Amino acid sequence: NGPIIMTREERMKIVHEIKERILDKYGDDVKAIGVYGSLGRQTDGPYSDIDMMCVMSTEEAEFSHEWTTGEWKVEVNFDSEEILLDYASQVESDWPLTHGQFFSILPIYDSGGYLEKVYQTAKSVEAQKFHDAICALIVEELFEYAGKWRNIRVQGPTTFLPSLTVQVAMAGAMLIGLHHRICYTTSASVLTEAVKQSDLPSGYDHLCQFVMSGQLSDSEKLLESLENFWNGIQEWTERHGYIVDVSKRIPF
């Protein structure tokens, strides 16, 4: 019957039962246990799932348990300190979605500053990694999307244009979060938070208006908006120096 309504109590009671089980099973190999996500921020909604992380001492440990009782769902990730610290300092295109984890840790067990080390690692990533991630996002995501909607314009199917427009708006939101080095709180707040940031590429606000209102049925207006945003991307990347040499056919 899908997820049920739960109070914080009820979620925190579940969390501590899981914490006790984790300690019972893995003992001294457990360096720390934390809750993250909306429950970690104390902004969990009545229907939110439960996300937990466990820092292991064990060499190369990297596994997870994700399950449901039919009424709620839990995900517990287990990583060695070195693997987690490596992950916390890697900036991919979806860093604004994934790494909010590390700014929302509610520590529930910690044998010696491990969760603070994770947070410090996440918040200390050097600027070059964000610069590289943005340039890669332009190539690997937005340029590809531009080809996809131009293909739709000339050969269909327009039945994919609403979904593609949503994907472009989300990629634009990742671009904005990388530029400002800010992680979105929840996936539901991404567009709301993205359009509140400064220095957006032109055309992004208009695109997000279509996506947030759900008025995605006028294909000519969507293609116009996507092209306008794509033009804004060209101006924005040039203004901020997110440019690589593209003159050679083969750059290796």
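Residue positions are given as counts along the sequence shown, with the first one as 1.
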Where do the C-alpha atoms have the higher mean temperature factor in this entry, in 84-92 or in 144-152? 84-92
Higher avg CA temperature factor (2-10 vs 243-251, as deposited) belongs to 2-10
According to the deposited entry, which of 182, 105, 161, 169 has the largest Cα B-factor? 182
Using the temperature factors in the entry, find which of 214, 34, 201, 45 has the highest value at its Cα atom. 45
Residue 121, C-alpha B-factor rank within chain (lowest, middle or highest third): lowest
For residue 49, the third of its chain by CA B-factor is the highest
Chain-wide C-alpha B factor ranking for residue 165, given as lowest, middle or highest third: lowest
Using the temperature factors of the C-alpha atoms in this entry, rank residue 127 within its chain: lowest, middle or highest third. highest
Temperature factor at the Cα of residue 110, chain-ranked in thirds, falls in the lowest
